[PDB]
Amino acid sequence: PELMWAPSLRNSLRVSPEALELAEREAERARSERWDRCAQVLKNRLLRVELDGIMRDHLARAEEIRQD
Amino acid sequence: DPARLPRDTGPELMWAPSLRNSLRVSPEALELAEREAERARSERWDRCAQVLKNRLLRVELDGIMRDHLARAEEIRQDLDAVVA
Amino acid sequence: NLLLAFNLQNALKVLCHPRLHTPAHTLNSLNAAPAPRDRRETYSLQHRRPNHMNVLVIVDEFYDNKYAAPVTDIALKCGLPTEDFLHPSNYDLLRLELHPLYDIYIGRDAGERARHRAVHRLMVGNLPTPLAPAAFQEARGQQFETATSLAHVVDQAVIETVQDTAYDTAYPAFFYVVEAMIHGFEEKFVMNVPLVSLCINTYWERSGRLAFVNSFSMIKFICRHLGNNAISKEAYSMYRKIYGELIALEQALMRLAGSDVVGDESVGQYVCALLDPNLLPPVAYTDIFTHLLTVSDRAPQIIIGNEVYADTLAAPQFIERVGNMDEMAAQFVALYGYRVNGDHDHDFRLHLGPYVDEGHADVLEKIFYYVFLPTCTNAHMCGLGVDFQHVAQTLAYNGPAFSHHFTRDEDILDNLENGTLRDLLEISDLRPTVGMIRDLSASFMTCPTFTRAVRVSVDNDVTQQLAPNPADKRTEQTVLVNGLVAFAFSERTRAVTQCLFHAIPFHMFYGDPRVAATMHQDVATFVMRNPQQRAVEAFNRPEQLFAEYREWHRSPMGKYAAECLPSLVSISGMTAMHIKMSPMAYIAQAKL
Amino acid sequence: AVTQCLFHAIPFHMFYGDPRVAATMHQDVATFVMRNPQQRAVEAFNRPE
Amino acid sequence: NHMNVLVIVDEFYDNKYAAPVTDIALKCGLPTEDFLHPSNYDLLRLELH
Amino acid sequence: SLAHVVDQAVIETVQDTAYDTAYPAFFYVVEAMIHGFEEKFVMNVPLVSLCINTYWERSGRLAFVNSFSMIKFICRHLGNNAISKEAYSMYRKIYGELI
Amino acid sequence: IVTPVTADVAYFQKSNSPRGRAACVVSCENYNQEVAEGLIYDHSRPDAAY
Amino acid sequence: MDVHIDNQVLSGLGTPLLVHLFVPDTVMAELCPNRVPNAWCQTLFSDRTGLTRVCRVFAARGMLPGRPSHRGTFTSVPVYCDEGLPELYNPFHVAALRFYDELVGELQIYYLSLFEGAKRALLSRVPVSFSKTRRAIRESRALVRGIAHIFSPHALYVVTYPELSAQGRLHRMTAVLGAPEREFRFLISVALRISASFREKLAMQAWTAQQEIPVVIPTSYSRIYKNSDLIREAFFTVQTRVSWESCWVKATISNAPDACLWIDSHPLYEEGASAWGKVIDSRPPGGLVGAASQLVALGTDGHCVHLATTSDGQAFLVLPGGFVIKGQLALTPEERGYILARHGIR
Amino acid sequence: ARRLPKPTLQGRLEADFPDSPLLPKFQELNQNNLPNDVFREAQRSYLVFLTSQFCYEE
Amino acid sequence: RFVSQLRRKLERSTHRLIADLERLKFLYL
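Line by line, the protein sequences are chains G, L, A, Z, Y, P, S, H, C and D. Quick note: the first sequence, position 46, residue 65 per PDB author numbering, numbers continuous. Quick note: the second sequence, position 11, residue 20 per PDB author numbering, numbers continuous. Quick note: the third sequence, position 261, residue 705 per PDB author numbering, numbers continuous. Quick note: the fourth sequence, position 24, residue 962 per PDB author numbering, numbers continuous. Quick note: the fifth sequence, position 1, residue 495 per PDB author numbering, numbers continuous. Quick note: the sixth sequence, position 92, residue 684 per PDB author numbering, numbers continuous. Quick note: the seventh sequence, position 28, residue 1212 per PDB author numbering, numbers continuous. Here the eighth sequence stands for residues 1 to 38, 42 to 105, 108 to 127, 264 to 317, 332 to 412, 416 to 504, where the numbers follow PDB author numbering. Quick note: the ninth sequence, position 41, residue 42 per PDB author numbering, numbers continuous. Quick note: the tenth sequence, position 4, residue 3124 per PDB author numbering, numbers continuous.
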């Protein structure tokens, strides 16, 4: 049939001494990519809301045009 | 040193095999999720590459958008010296 | 011993309470159960949002060498009759079906407690075929037809000839490229009027039946224009009758809505879902997108590749109109530069035309794409997608149209080279002269570049916004922008148009594998390995493209559409099953 | 679009005050039927006072 | 107060939002089963000859 | 809920096709040459349209319904006015009935 | 008395008042005109039998 | 229009200036589902990180805007940050709100997204509430405007109207980066030191499972999980994009309230944003046998990797398959005080 | 990620028609900043864009 | 007095062209 390992506290994981050092470096190279994408799209939204400030200030400066 | 066994059900003492002490693993769905997430990771590998060229070209377009008002400002400020 | 009557309307003193409609007690019962249902689904629960924009990569990634082919529980319901549904073999299905307006699913145990999440059945066509079979639906439609005292002015002959239109494998793909070039613009059709005057004439001569019924705006232009004796009278008569059935059926639905208003707005958008403007027609050439942001008191979200577009104050940021072609003469080369030097992946811009403020409530297109063409032709068409640069290189790098000194009124077959237009015109066998192909070349100044798909995300109306999961109150829907929909292909068509068209099975009525496997040789092997997927009810469709649970039209609608015999009773049943299941819908139903 | 310089729809009767034919003629009733879509019926459609 | 017929119809449809229905069209579009019900008492209160 | 697109006259005509004692043997030699794949078929298109169309007129019955591959071709490669409309309609009905 | 042409014949096969509303007046309380006039004339409430 | 005159007269102690807001009902659906909350203001800085005092904000839900364009709840943002003269603004500057009815969900908001929208908009006696007198006469549509929200790409509606010299000095205010940067890199620093603790604990031990939690496991576990398949333990650090919902800091704030546990759950390889910071009880008479049942049900979750944090300064990682890797928690108390001040009171 | 494959479009139409008035409006693109094939299909697309311009203008 | 019309419609047109160029930026990104 199908056999299952019995629950005991001497059961071993498949031993991993070497697969964790490259692991967190790949993790850091991925998360810097994600954080740079998030900050890029964040600054995209920030320039979008910052540009409407100068559009409002242009329409505020245009008052002096309206009597000239 | 482990041991091997088919089945049992419903214990009270903890370290006894059961049907609730089995981790519920579906191999094909996990392989499918693992493969599609490897491809999402492989797309995430190639994302922050060439927005620097977009930064230089956006510096170019804000330059050419400032130069137009730089052209307009002194021309608009020379058409006020004919009034005398 | 008096004969006390019991109608429906006496039962609306208890069929209009909200406690029929709030599933919060039901989900608090199903989540507090000591045992959940063991078999899980995880196929099309949530429309995950695509980061890219082109729809060819989504289709070609969803179907390369795919082995595990799941099926949803909704297609598991409507694939069997009443009796075996109530048999105790299917307790794993009857653990979920427990409310007539809510098909509760279990989802996944990704977190800690796999919660029974419940999406809402909007229309009465979402009832599973076991609990409401096809005969009940069409007999209900027969009650509906004498309820509104409808005058069904189409015979049987128009229905069967438009049925074997779609069931013709030898449909000329030149009609597809003509539609892809015109794509629903009035001033564009005023160019190509004597073209289609030749096309549908030689098709009516070819095989008796008619063509170009695979687009609403095309046959709308056929009825509006072109009655000037260019086609034979019997060919124009089918188009005019098809245009007449829709306006008669809409007058029937507006009779069913009655003369009542809520607040100040009328009640037609609450009882029937066709008069609901928040339902969108599945082909969007024109602007409609700003319109339903302006007319809907509910708050919709036009999701174009994880871009929300929640307000029309930042409206020109997401979408630009092309307007009339004579405005853009200062922007022709600028549009060509945006064509070539614009990275269209990670480009969230939509190229459309104007919103024509027509007297048909963006609803004549809705009724024709949702009641007629899926039922006269048994939902046996798939949405294809075109690349306009490729059809432009098809239609203008040829010999005689480029020279402009080869004259107009001559044959085009003798003097063109053996390009894709050559073998595209062989199997079609029509003879459009030079010059009337020139405006087909000339439209490319103002056509867009791609067939983008937008998954619109409208919220439900006020009657059924009672789900406890606030992101599950809304009902998503997809719509293939700027592409027509296409009937059956041959392999000869695919051998000459594998560089031209790509299929997108995006809708319930319009995702059909028996047609999409012909023109796309990735699903042709996907159905070769899993042959049970060939029914329209159970076919796999991309969850990043089309969410099967979160949809206005579930699987039983397609099951009824694929098994109804095409006739008048089936049409009346199909417009009878588009009625929503609101309490107001119950009131306007028991009035009639 | 041709005869909007030639004609004007006058809904004036019960038999001859059909709204769904006036929308092919008069543009203003064609936008009026959009705000009150129940009045495309010949019974209830508001006619000039 | 005049002769012309275009200005009467055009004055009637400019921005016609509040376009209510009269009673005799409201009594008109109901079948018999709802009309005798006490839902439409406001119609049965004024229909008595 | 299968829908027979084929009516009685199509089955009648193919029955009279099979029962016709004078079936022209040139059809069998064309079937011998045009075997299987389609590249050999597309180099004989007006040939088979000729020998089909003159059999739609010498009699009222059709032909080339003996091999499935010719039906699979003719529904998918012909119908572009190489043949008669009324002869093509029968083959299209047969191939639609099969699917 | 005049009647509409859509009255139920099953109403006429049984004994009732010649109007439509039954006069369930003894059920209405003694010396109380408001509930009586509400049962016999005011049509917010339906017929006492139907 | 009640919560604005509520908090306007209230926060006069710790705030000079008060800004009023709307919050739509779509923008916080991913924050807390099923409408479970119904606040607390703590605006941290961009480069002047430190710690600041807290201010309470009152609010209401279920009451509808005068705009029918969207229909949502009521909030308001206090501003008290600028030293001395308030004429300067801090640009690129977060302002945290803790919207709650019983502390679930956070609200991060900018000073640019607030103020750019604000500019874009514009036999004795009882004394009257003075500031409510001018809101009833306004009643206009131009007071509310649509602001593209930066944290979540949606609309956030502000309300302001020409009240008085406090809101009159607001619309003239301008001035001449790193407010969203510091918290994320601080999370990655404590995550890297915890993963380094796990690395050195697996190094000083034999690189072996002690299997603290008992599960039965099949013999093909070295097949359906591949050899040394710690790719989930690999990309664990990118997946923790949240922290104050995550259980890791939840044990540190739980020091102020002995045998307690908090559990994070991350899926086996990207099944979705599973959960963060659930509770394992030992106080009520459900007892340690109920804790053991919830713990073994945690351990038998074959497609979710769990991370366990204790109150006493210990960290644990739970492999799916019952394998446990021990670890330390010992962090410098500066970050501890920074965290408990970031949530609440020391 | 990818697009449709390219149609046939055999030969050259610039090297066949010397009587095209659009021939001066063609050679305003550069060769050395890109490889041969993308430049070839770019001349294809620019030619058919000019043909569309001439067709709409006539 | 013709100096208050042509230069004024000039600066109005340039004040619209700068909004057109900001819209061209929003076309770009």
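All residues carry an ideal CB built from backbone N, CA and C; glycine is no exception.
Cutoff 9 Å: residue i Cβ touching any chain A Cβ
i: residue 34 (chain H); result: yes
i: residue 32 (chain C); result: no
i: residue 41 (chain C); result: no
Coarse secondary structure for residue i, derived from DSSP in three states
i: residue 408 (chain H); result: helix
i: residue 453 (chain A); result: helix
i: residue 472 (chain Y); result: Lying outside 495 to 543, the shown extent of chain Y, residue 472 (chain Y) is not represented and no answer is given.
i: residue 25 (chain H); result: coil
i: residue 596 (chain A); result: coil
i: residue 335 (chain H); result: coil
i: residue 547 (chain A); result: strand
i: residue 429 (chain H); result: coil
i: residue 824 (chain A); result: coil
i: residue 956 (chain A); result: coil
C-beta neighbour in chain Z for residue i, strict 9 Å
i: residue 1038 (chain A); result: The structure shown does not extend to residue 1038 (chain A), since chain A is modelled only from 445 through 1036, so no value can be given for it.
i: residue 514 (chain Y); result: yes
Cutoff 9 Å: residue i Cβ touching any chain G Cβ
i: residue 486 (chain H); result: no
i: residue 36 (chain L); result: no
i: residue 3129 (chain D); result: no
i: residue 91 (chain L); result: no
Residue-chain proximity (residue i, chain Y), Cβ-Cβ < 9 Å
i: residue 708 (chain A); result: yes
i: residue 1190 (chain S); result: yes
Chain C within 9 Å of residue i, Cβ atoms only
i: residue 942 (chain A); result: yes
Pair within 9 Å by beta-carbon distance, residue i and residue j
i: residue 301 (chain H); j: residue 98 (chain H); result: no
i: residue 719 (chain A); j: residue 902 (chain A); result: no
i: residue 983 (chain Z); j: residue 507 (chain Y); result: no
i: residue 525 (chain A); j: residue 547 (chain A); result: no
i: residue 485 (chain A); j: residue 551 (chain A); result: yes
i: residue 95 (chain H); j: residue 332 (chain H); result: yes
i: residue 994 (chain A); j: residue 491 (chain A); result: yes
i: residue 3134 (chain D); j: residue 90 (chain L); result: no
i: residue 922 (chain A); j: residue 828 (chain A); result: no
i: residue 1000 (chain A); j: residue 987 (chain A); result: no
CB contact check: residue i to chain P, cutoff 9 Å
i: residue 871 (chain A); result: yes
CB contact check: residue i to chain D, cutoff 9 Å
i: residue 29 (chain L); result: no
Min CB distance residue i to chain S below 9 Å
i: residue 447 (chain A); result: yes
Kindly provide the ranges of any beta strand (DSSP E) runs that are 3 or more residues long and lie completely inside the segment 455-503 of chain A, ordered along the chain. List check, beta strand (DSSP E) in window: nothing returned.
Of the residues that make up the segment 532-564 of chain A, which ones have a beta carbon closer than 8 Å to any beta carbon in chain H? Residues passing the 8 Å Cβ filter: 552, 553, 554, 555, 556.
With 9 Å as the C-beta to C-beta threshold (strictly closer), list the residues of the segment 995-1012 of chain A near chain P in chain order. Those residues of the segment 995-1012 of chain A that come within reach of chain P (Cβ to Cβ, closer than 9 Å) are 1006, 1007, 1008, 1009, 1010.
Residues in the segment 1189-1215 of chain S with C-beta within 7 Å of chain A's C-beta atoms, listed in sequence order? Those residues of the segment 1189-1215 of chain S placed with their C-beta closer than 7 Å to a C-beta in chain A are 1194, 1198, ordered along the chain.
Taking only runs of the beta strand (DSSP E) that begin and end inside the segment 646-679 of chain P, which ones reach a length of at least 3 residues, in chain order? Counting whole runs of 3 or more residues, the segment 646-679 of chain P contains no beta strand (DSSP E) stretch at all.
Taking a Cβ distance cut-off of 7 Å, strictly less, list which residues of the segment 643-671 of chain P are near chain A, in chain order. Taking a C-beta cut-off of 7 Å against chain A, the contacting residues of the segment 643-671 of chain P are 667, 668, 669, 671, listed in chain order.
Taking a Cβ distance cut-off of 7 Å, strictly less, list which residues of the segment 742-761 of chain A are near chain H, in chain order. Cβ proximity to chain H below 7 Å picks out 743, 752, 754, 755, 757, 758 from the segment 742-761 of chain A.
Beta strand (DSSP E) runs wholly inside the segment 721-773 of chain A, at least 3 long, in chain order: Runs found: 745-747, 763-765.
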